[PDB]
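Before any comments, here is the structure.
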Amino acid sequence: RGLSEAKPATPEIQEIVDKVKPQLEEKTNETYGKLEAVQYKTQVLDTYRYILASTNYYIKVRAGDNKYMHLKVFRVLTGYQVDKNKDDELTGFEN
C-alpha cells in the first residue's frame, strides 16, 4: 500500500474535491467557498489494469489564506486533516 509521488493537481482532481466538498462540510459543520486542490497522491488498493477505479486519493486542498486541508477520498470522503501548512507532505492516515 505504498503512496504515489507528489504530483501537481489537474482539473479532474479539482472536480473530485468539488464533489466531495458537501461531505467535508457535513462532517465539519463549516462551509468552504473554494478548495483549490494544490497537489495529490494516489494509492492503489486492488487491481484495475488501465485506469478506472479502486484507488485512494490524498489531495492537499487550499481552503484560504494560509488555510490548507488534506482530504482522503475513496467518491466517498474517508478522511481529512484540518489546519495543515503549504509545505506539509501528503501522508497516509487511518480513516
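So basically every Cβ, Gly included, is an ideal-geometry build from the backbone, and we count neighbours across all protein chains shown. Quick note: the coordinates plus some simple rules give every number you see, no bench work behind them.
Counting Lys and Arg as +1 and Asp and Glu as -1, each charge on the Cβ, what is the dipole of the chain about the Cα centre in debye, to the nearest 20? Result for the chain is approximately 180 debye, rounded to the nearest 20.
With neighbour counts taken as other beta-carbon atoms within 10 Å, the residues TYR80, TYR48 rank, fewest first, as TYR48, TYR80.
Could you tell me which GluC sites (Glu not before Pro) in region 1-62 are loop residues by DSSP with no more than 13 other beta carbons within 10 angstrom of their beta carbon?
Working: sites: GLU5, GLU12, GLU15, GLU25, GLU26, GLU30, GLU36; in loops: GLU5, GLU30, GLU36.
Hits after loop and neighbour filter: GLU5, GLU30, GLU36.
Please arrange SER4, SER54 by how many other C-beta atoms lie within 10 Å of their C-beta, fewest to most.
Details: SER4 15, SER54 11.
Exposure proxy ranking, most exposed first: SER54, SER4.
Under the 0.36 nm per residue contour assumption, what length would be gained going from the current alpha-carbon distance of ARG49 and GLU12 to full extension? Each step should come with its number before you reach the end.
Values: separation 37, 0.36 × 37 = 13.32 nm, distance 1.95 nm.
Difference between extended and current length: 11.4 nm.
Within the set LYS19/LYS60; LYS21/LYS67; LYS7/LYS27, which residue pairs have Cα atoms separated by over 20 Å? The partial results should precede the final answer.
Numbers: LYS19/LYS60 15 Å; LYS21/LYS67 15 Å; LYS7/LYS27 27 Å.
Result: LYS7/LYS27 exceed 20 Å.
Counting neighbouring Cβ atoms within 10 Å and putting the fewest first, the residues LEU71, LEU3 line up as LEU3, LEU71.
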